[PDB]
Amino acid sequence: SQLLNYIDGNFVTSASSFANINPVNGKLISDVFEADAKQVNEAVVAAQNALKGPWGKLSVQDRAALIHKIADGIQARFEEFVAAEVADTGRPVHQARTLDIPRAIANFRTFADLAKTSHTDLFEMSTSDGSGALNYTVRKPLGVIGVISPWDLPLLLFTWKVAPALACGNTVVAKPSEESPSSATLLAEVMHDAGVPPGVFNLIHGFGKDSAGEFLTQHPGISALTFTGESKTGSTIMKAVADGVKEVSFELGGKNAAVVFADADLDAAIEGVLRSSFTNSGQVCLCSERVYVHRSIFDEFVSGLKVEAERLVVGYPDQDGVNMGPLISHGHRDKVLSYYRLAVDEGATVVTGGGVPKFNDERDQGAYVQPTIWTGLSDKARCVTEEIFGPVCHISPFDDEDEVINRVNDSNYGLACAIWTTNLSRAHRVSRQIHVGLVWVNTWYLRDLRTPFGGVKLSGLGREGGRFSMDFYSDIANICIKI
C-alpha cells in the first residue's frame, strides 16, 4: 500500500506521494513517496561515497559473486516479483513468469559473468632511443550511474541498466517509471537483504519534469546517464547533462516494420506478426506497427491475421488463456484512442478492433483497448509514421525488393525490423540494407544478451549489451610506460 525510496542503505518516505493505479480496474494499488531534490542529492552523494567504501575494495570475483547473490535473491522471491509486475501493469501472468522476471535474473547473471572474464589490452611500441614503451589499458568504474527507466518492461529494462552498471563496479541512482514502481522497490529489498553496501544502489521514486527524474539528470555528481524511453525525452536529457559533458546511452522510440516476402512460410509469418504487433498489448519499443506484405499474398495474410487477432483473449492477467491485458494507464489509453480516431479520419479501413472491449465488470474501469489492424493508408499518413505504442498495426502491399527496402528506411526512426523469407540470398542481402539497430529473420524479439542492442537515427544513441555495455559502464584508461 506504500512504496518507499531506498537511499544510503535506508528505506525512506517523502514529503509527497502519488497514486499507483492498477490498469486492470482503475483501483489504487499503493501510494508512492516522491523523492525531492534534497533526497536526490542525498542519493548521489551517498553513491559517490560508496565508491570509496567496501564496494570499491571488492575484487572482481567477489563483486561478481555478490551480484550473483542479487540474482539468487530475486529467484528466491520469484512469485512476489511476478505479482508486483502484474499489478502495476496488467501484463499477463504467464508473460511476467516467462519473459519479464527471468530476464531480470539473467541480466544480473550475464553481466556478473562478463565482468569476471573481461580483460583489456597491451600495445608494444618502439621509440627513438631503442628502449621501447608499453601502453596498457585498465577498466575502472565510471562512477555514479544515473538510471532512468520506462514502464513497458519495468524490471527487465531497469535491471538491463542496473546490472552492467554494478558489474563494472559503479554505484547507482535509479529512477523507475512512476507507472511501474513496485518491482524496483522489491529489488531494493533484495539488494539490502543480499548485503549490498549502503549507497551502492539507490532507488528514487517520482516523475520526469520538475521531479526526481529531472533532478537526477541535473545533478553534477553523476558520471553518466542511461535512459530508455521516448525520443523527445532523450533530447531533453541530452540538453540537461550537456554542461557536465556527461556520457549518455539512449534507447528511444521506433516505428518498426515487419516485411513478409512472397517466399515466406506464410502461417509462420502471420503468427510472427501477431506476436510482434500485440505482445504486451503492443507496448514494446520493438513492436511492429507497420507491416509490408508482398502483393501476391497480401489478401490471404490480412485474412489470416484478422482471424488470429480476433481469437486473442483480452482480460485478467491470471485469466485462463489470456493473451492481452490492458494498456498501462487511462492517460495512455487516451493517446492510443486518439490515434484510432485519427486513423479513420485519415481514411483507414478498420480490418479489426478499433475500439475498447466491453466486460460489464470492474475491467470497464480499467484501460483496455482492442487489438487493431488497419489497411488503406499512405506511407505519409501520421498513423503509419508516428509511434502509437498500442496493440495496432497497419498492413500495406508491396511489389519489389528495393521498393520495400526504401519504404522501411523512409523513417526518422530505426530501432528494429523483422523480415520473413525462406530464401538464403534474400535474407542476407536485404537484412544488411535495413537501416536499424536490430534485424530479425523469421522471428522477432529473440535475444542473445551478448549482442549490440540499440537504434539508429532518432531511435537511440550508443549501443548496450555484451562488450558494448562493458565499454559504456566503464572508464577505459590508458597507461604508458617509457622503458
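Just count from 1 along the sequence shown to find any residue number.
Looking at 99 to 107 and 318 to 326 together, the entry lists the larger mean B-factor for 318 to 326, computed on C-alpha atoms.
Per the PDB record, of the two stretches 218 to 226 and 338 to 346, 338 to 346 carries the greater mean B-factor over its C-alpha atoms. In this entry, the residue among 119, 140, 306, 161 with the greatest C-alpha B factor is 306. Of the candidates 169, 197, 282, 146, it is 197 whose Cα B-factor is highest according to the PDB record. The PDB entry assigns residue 242 a C-alpha temperature factor belonging to the highest third of its chain's modelled residues. When the modelled residues of the chain are ordered by C-alpha B-factor, residue 413 sits in the highest third. Annotation for residue 89: CA B-factor lies in the middle third of the chain's modelled residues.
In this PDB entry, residue 11 carries a Cα temperature factor that places it within the highest third of its chain's modelled residues. In the PDB entry, residue 298 places in the middle third of its chain by CA B-factor.
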